[PDB]
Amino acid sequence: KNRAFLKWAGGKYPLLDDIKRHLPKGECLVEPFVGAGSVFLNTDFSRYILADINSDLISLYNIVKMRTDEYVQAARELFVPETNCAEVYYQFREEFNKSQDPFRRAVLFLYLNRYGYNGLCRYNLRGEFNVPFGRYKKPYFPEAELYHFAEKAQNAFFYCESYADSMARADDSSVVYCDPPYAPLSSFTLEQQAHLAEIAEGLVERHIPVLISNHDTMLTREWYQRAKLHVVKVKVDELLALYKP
């Protein structure tokens, strides 16, 4: 089980075996909500189409892919004991928000991810990262994970776009795995959750397999009515919806 180099909310590392058991085979895997890319890192497709609405995330992945050695060397310098301080953190956060250099932002993004509060990724409406200091004992610099990501990324294209556009990229030899933001138990809207299912239905009718993961609720069972539903026991369970052609 390969780990992502990023902390990311809604990561699927603990559920990978269940996903891989129901994920269909194909030439290309399409992930409209790639996030930290835990599925991408733990599958074996010949090609990947990876997308996310987060532009900082997609830019970071491109930098790591194309400028691997350069990035690792620069990012490693921020993972020293000197930087594990509140005053230093908030200046690096300010430098990130004020930088117009994709490389420097990518370097700082990793620092903020592993030194920031609970590994959160939060912005304001002005597009500024505003997660406070995390106060960890000793943040781990994911060098091994970075190089492995770069290696696997050689067979992947990255796109910053919404799910509707990325799922439109899927062709006959594609398999689509969707890991949308969790459905509410009591921003990704309810309409977007439903629209995702409608796009999935359209895809499978063109003989393109789609696998969606979400919480197991009354709403998600309704949204994914036209799919074979598998319950994953994990109090709420996890749901896997497979649209098989």
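Residue indices: 1-based, along the sequence shown.
Peer 1: Compared with other deposited entries of this protein, is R21 missing coordinates in at least a third of those that cover its neighbours?
Peer 2: No, none of the compared structures omit it.
Peer 1: In at least a third of the other entries we lined up, does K233 end up with no coordinates?
Peer 2: No, none of the compared structures omit it.
Peer 1: Count of coordinate-less deposited residues separating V234 and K235, as none, 1 to 3, 4 to 9, or 10 or more?
Peer 2: In the record, 10 or more residues between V234 and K235 lack coordinates.
Peer 1: When the Cα temperature factors in the entry are averaged, is it 220 to 228 or 5 to 13 that ends up higher?
Peer 2: Taking the mean B-factor of the alpha carbons in each, 220 to 228 is higher.
Peer 1: Mean CA B-factor: is it higher for 107 to 115 or for 123 to 131?
Peer 2: According to the PDB entry, the answer is 123 to 131.
Peer 1: Which listed residue, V34, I208, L57, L41, has the largest C-alpha temperature factor in the record?
Peer 2: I208 has the highest C-alpha B-factor of those listed.
Peer 1: From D179, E201, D52, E70, can you pick the one with the highest C-alpha B factor in the entry?
Peer 2: In the PDB entry, the greatest C-alpha B-factor among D179, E201, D52, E70 is found at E201.
Peer 1: Rank-wise, by C-alpha B-factor, drop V64 into the lowest, middle or highest third of its chain.
Peer 2: Bottom third by C-alpha B-factor.
Peer 1: When the modelled residues of the chain are sorted by Cα temperature factor, does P142 land in the lowest, middle or highest third?
Peer 2: Its C-alpha B-factor, which the entry lists for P142, ranks in the middle third among residues of this chain.
Peer 1: Going by the entry, which third of its chain does the Cα temperature factor of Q100 land in?
Peer 2: For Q100, whose C-alpha B-factor we compare with every modelled residue in the chain, the answer is the middle third.
Peer 1: How does the C-alpha B factor of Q154 compare with the rest of the chain: lowest, middle or highest third?
Peer 2: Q154: CA B-factor falls in the middle third of its chain.
Peer 1: Can you work out whether the C-alpha temperature factor of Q91 puts it in the lowest, middle or highest third of the chain?
Peer 2: Lowest third - that is where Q91 ends up once the chain's C-alpha B-factors are sorted.
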